[PDB]
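Notes for the one structure printed next.
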Amino acid sequence: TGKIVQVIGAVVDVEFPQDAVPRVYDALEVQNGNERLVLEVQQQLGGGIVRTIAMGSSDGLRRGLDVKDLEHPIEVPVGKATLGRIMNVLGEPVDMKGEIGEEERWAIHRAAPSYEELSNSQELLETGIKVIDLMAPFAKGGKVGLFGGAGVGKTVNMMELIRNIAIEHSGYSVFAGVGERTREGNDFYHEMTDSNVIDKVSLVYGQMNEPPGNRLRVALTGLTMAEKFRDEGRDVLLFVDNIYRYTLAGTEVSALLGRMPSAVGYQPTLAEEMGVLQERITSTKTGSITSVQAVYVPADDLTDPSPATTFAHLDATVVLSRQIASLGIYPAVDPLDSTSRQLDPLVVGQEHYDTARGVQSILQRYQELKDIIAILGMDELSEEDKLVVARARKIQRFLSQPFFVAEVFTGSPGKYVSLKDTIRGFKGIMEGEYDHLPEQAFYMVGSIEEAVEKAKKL
Amino acid sequence: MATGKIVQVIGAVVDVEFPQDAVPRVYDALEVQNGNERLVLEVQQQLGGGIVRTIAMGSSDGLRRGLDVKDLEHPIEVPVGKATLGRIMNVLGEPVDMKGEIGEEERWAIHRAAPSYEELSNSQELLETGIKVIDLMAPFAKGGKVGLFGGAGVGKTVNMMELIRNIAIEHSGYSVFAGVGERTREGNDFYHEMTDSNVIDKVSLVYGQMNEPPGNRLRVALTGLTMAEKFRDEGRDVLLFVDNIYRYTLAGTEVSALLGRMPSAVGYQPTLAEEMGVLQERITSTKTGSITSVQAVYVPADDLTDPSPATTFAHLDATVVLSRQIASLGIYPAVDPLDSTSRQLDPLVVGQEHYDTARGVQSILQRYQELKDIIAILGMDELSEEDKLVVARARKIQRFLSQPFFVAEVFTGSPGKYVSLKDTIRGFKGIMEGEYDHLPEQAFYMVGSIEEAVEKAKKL
Amino acid sequence: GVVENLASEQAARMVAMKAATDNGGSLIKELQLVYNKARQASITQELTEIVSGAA
Ligand SMILES: Nc1ncnc2c1ncn2[C@@H]1O[C@H](COP(=O)(O)OP(=O)(O)O)[C@@H](O)[C@H]1O
Ligand SMILES: Nc1ncnc2c1ncn2[C@@H]1O[C@H](COP(=O)(O)OP(=O)(O)O)[C@@H](O)[C@H]1O
Ligand SMILES: [Mg+2]
Ligand SMILES: [Mg+2]
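Those sequence lines, one after another, are chains D, F and G. The first sequence begins at 2 in my numbering and counts up one residue at a time. The second sequence begins at 18 in my numbering and counts up one residue at a time. The third sequence begins at -19 in my numbering and counts up one residue at a time.
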């Protein structure tokens, strides 16, 4: 009942009778030859025209095609039936198994839970990772975000967190792949299926091959399933593969929607497009969502508008840096920028807090000396600044850890370090009780006993 | 009768259409009834047929499309002359001090052409300010311009209060103070300080406060200039104080952005240097009278290079740079003697006595700056017997440049002092020539004139 | 012994300062790459804001 009148890249303009014009976010449909293309309308221009984004390849669309107005938004299968199966942004099944036997379908555009319904939790969550749960511990039902440039470790860290939190956790889990490699999606799907945990994980994948509309709405498609599991009273894990692609897909389409560019070419609605999503991924009095989000930062610029606007939406922020990875120190977490809302004397006790702040103070004091060391060499340091520097380097080594998901890289077996077992090691290194050991005795070990034991072999 | 109608309102910018005979000229002032309250618009552009784009000199909220507009056939023109002394006025020349109607006899348009190069007269009468450091290190003549440069909190506004008080009480000269982009708290402090010090009846105040549209903050400088020019034409020597040039340039940037002009070097309007030249070139000493000027200029982020202070420098005749480091050590006025400068500090105009004293002081302090780090690393007992004397005299000179102000009495309770130039030169020469090697350093701190240092030392 | 130690102090400070001058020289060449990158980025951002703001 409508006609296409323009096709610019991924956005399509359709003309409808004056009395039948679709509402915003309603989904239309077009027979793109031997295909069916779904359009989601974004704007009601004047005069019966409506401007839409194509959820599929735009190539091959003629002008004057006839489009059919489905009178409901995009709607996805949801609930227990969607568990262990891979789905499109449109909720269609993408693995070769049969239809999804869903009972109920939900629209992917929803309002955030009221301020009245929220809940807060002090209950700490323990992970096998020394640096994370020393410098930036995070709590059940809260948000975590891994910030990093290209290729510094924010996917390996998320697979380790999956291994350390998600297998040892009873409730369901959801993994949304937003604009990342399909190779990794296949690898993860087969790891899960071969370890027989796939029947507890729901997978939505909108990877980098797909056109902008899929990358734009796949994150909402995943949040909708996480929200269904939440409202059933359960408690859920939600892993998002790269949330930056969700705003990049909006930047790609913004100018075609006819909107003036903002600071660095970003859409003018960047902060709202980002908040309207991240405000509904939260725990509530009826159930809780614990979420880990990888956040790409372009050109390693932590002040680019997108990471800068993302920082405010997270409880624990872990910042990965290339200048640490190039030293071979993995995970390449920057401990002078990682932080957590949970790091308080009231929440983690006085000993944990005091050790964390001591580590920060030593490492910052070491940063302050790096220029004088660069110009005048290390022999010009006072006799105790040399001690500060040696302990700082030992701590830098000791934050490294081997991971079970990195055996493919280094061969060394993974290590799981309990919190009680790491604040003791750092108290030791700081108080001076391990000055005798060489620096390389701390590199890529688990507990501190492994370091004193490694020193015996040099 | 009213002959125009509003056709657009977009923020502060209003478009009005007239029949193509009656189109107002640029800078003409229009008038409209924004509810129960009058509002005047200043024409910025004649664009297209009949339509005219204007900037509202007031609150734009409440304007409908299609309101009747009446065009005054003259620019914004303000009351001038003796009637304005002791009053506060806004950019339109209306009283905002609640003492009622002004009592003007004459009104002048705030837009006028600068004096020709033919009509200027060069004069070298040095202003005497009563501040030791400014008189010694940065002398400025009648008809000149002086820029007080510095960050925030260094003392530009109280230095200008003190200059106003000294000129008004010691020399009975008229003054005009144009509060471009004024902070209302500081405007009320200034008003109460001037009425308490009893100078108010020789100062006329113009305030364009920060909470007002851009056009007010942009045209207030011209209103103040027009009052100063009316006094000049009477044959007087007025002194015009502009409370921040930097906010004049920001108001110009705002106005230019609203009108949709294409921006320039760091977001500044394209017409920056021409607005600055329109302002600064009316301040001159003609053959009939003189306008001197003192201008505070905020340097954002200490850089001295962004277009606003960079473009003001072309016009100043002397520059006084204030530093917060000196202020934190507590030696107000906080003027830096080594960076402040003047075009008039040469022997032909100040005489060899003053020039020699000023260069002597600069030399002593410049040498003390050398000695500071030897004192740090090797301790003072290693200095020569001549160098220890240079250190003591530099420290005494450095103390003696501080002074207690009459308007700072509210801050510290200490009574203020006025110091002539004769006593300034006599004191600094005496210090440099050892005549006071027997006094302790603190006898010079916040002292005033040199006799008061010997009167203070007895008390120590 | 004192005098030999003094000549050795001088011969050591000489080589230390030679190394420090070479380190300063090798640091200028990195600061200048960072500087050129910042200069280019600023020109680009300003000129893009102007052009793509107009019309
Ligand atoms: N814990 C680790 N141990 C060893 N190598 C690691 C570790 N974490 C990351 N790496 C290295 O970093 C590379 C970057 O991979 P990845 O983490 O996927 O980057 P990205 O975050 O962009 O996906 C890995 O392929 C591996 O070479
Ligand atoms: N000569 C002085 N004596 C005492 N206090 C001063 C003096 N000069 C400045 N101050 C202090 O500095 C503060 C702000 O000075 P002000 O001139 O307003 O700074 P700005 O130049 O940024 O306007 C005032 O609150 C005042 O207390
Ligand atoms: Mg990745
Ligand atoms: Mg001020």
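We put the CB at the ideal spot given by N, CA and C, even for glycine.
query, result
"Measuring CA to CA, which of F:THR328, F:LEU355, F:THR329 and F:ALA331 is closest to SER340 (chain F)?", "F:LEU355"
"Report the neighbours of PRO280 (chain F) on chain G: residues whose CB is nearer than 8 Å to its CB, in chain order.", "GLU29, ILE30 and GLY33"
"Within this structure, are the beta carbons of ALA470 (chain F) and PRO230 (chain F) separated by less than 8 Å?", "no"
"Can you tell me which of the three DSSP states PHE428 (chain F) falls into?", "helix"
"Round the Cβ separation of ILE50 (chain D) and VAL6 (chain D) to the nearest angstrom and send it over; I've been treating them as touching at under 8 Å.", "7 Å"
"Between the C-alpha atoms of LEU40 (chain D) and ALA21 (chain D), what's the straight-line distance to the nearest angstrom?", "16 Å"
"Check the Cβ-Cβ distances between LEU11 (chain G) and every residue of chain D, and say whether any is below 8 Å.", "no"
"Which residue spans inside the region 111 to 179 of chain D form an unbroken beta strand (DSSP E) run of at least 3?", "144 to 149 and 174 to 179"
"Output, in chain order, the set of chain D residues within a Cβ distance shorter than 8 Å of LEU7 (chain G).", "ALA375 and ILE376"
"Can you list the alpha helix (DSSP H) stretches of 4 or more residues lying completely in the region 278 to 322 of chain F, in chain order?", "289 to 297"
"In terms of residue numbering, what span does the beta strand (DSSP E) encompassing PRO96 (chain F) cover?", "94 to 96"
"To the nearest angstrom, how far is it from the Cα of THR243 (chain F) to the Cα of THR288 (chain F)?", "22 Å"
"Any residue with its C-beta under 6 Å from a non-hydrogen atom of ligand 2 counts. Can you list them all in chain order?", "F:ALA169, F:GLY170, F:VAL171, F:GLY172, F:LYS173, F:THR174, F:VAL175, F:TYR349, F:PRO350, F:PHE422, F:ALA425, F:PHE428 and F:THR429"
"Pull up the distance between the alpha-carbon of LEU377 (chain D) and that of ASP319 (chain F), whole angstroms please.", "30 Å"
"Tell me whether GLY149 (chain D), by its Cβ, gets closer than 7 Å to a heavy atom of ligand 1.", "yes"
"With DSSP as the reference, please indicate the residues paired to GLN43 (chain D) in a beta bridge.", "Bridge partners of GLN43 (chain D): none, in fact."
"Check whether the Cβ of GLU161 (chain D) lies closer than 7 Å to any heavy atom of ligand 3, and answer yes or no.", "no"
"Would you say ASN261 (chain F) touches ligand 4, meaning its beta carbon is less than 7 Å from a heavy atom?", "yes"
"Restricting to Cα atoms, I'd like to know which of F:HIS371, F:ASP440, F:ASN176 and F:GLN379 is closest to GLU426 (chain F).", "F:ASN176"
"Could you name the residues of the same chain whose beta carbon sits closer than 8 Å to that of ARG106 (chain D), not counting the 5 residues immediately before and after it, in chain order?", "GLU76, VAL77, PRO78, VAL79 and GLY92"
"Less than 7 Å between the CB of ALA268 (chain F) and some heavy atom of ligand 4, yes or no?", "no"
"Roughly how many angstroms lie between the CA atoms of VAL60 (chain F) and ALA177 (chain D), to the nearest whole one?", "58 Å"
"I need the boundaries of the beta strand (DSSP E) containing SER221 (chain F), first residue and last residue.", "220 to 226"
"If you compare alpha carbons, which of F:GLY444, F:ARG376, F:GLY451 and F:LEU365 is closest to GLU403 (chain F)?", "F:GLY451"
"Does any residue of chain A have a CB that is nearer than 8 Å to the CB of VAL30 (chain F)?", "Absent from the structure: chain A. Protein chains present are D, F and G."
"Determine the direct distance from the alpha carbon of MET160 (chain D) to that of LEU38 (chain D), and round the result to whole angstroms.", "34 Å"
"Would you please state the rounded distance, in angstroms, between the beta carbons of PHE461 (chain F) and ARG416 (chain F)? I believe it to be under 8 Å.", "4 Å"
"Taking the alpha-carbon positions, what's the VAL259 (chain F) to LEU221 (chain D) distance?", "57 Å"
"Taking C-alpha atoms, which residue in F:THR101, F:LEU477, F:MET463 and F:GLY430 lies nearest to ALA245 (chain F)?", "F:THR101"
"Can you tell me the Cα-Cα spacing of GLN342 (chain F) and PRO317 (chain F), whole angstroms?", "16 Å"
"What residues in its chain sit with their C-beta under 7 Å from that of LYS455 (chain D), if we drop five residues either side in the sequence?", "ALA442 and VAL446"
"How big is the Cα-Cα spacing for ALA250 (chain D) and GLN208 (chain D)?", "12 Å"
"What number of angstroms, rounded off, separates the C-alpha of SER221 (chain F) from the C-alpha of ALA113 (chain D)?", "58 Å"
"Do the CB positions of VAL407 (chain F) and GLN420 (chain F) come within less than 8 Å of each other?", "no"
"What is the DSSP secondary structure of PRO94 (chain D), counted as helix, strand or coil?", "strand"
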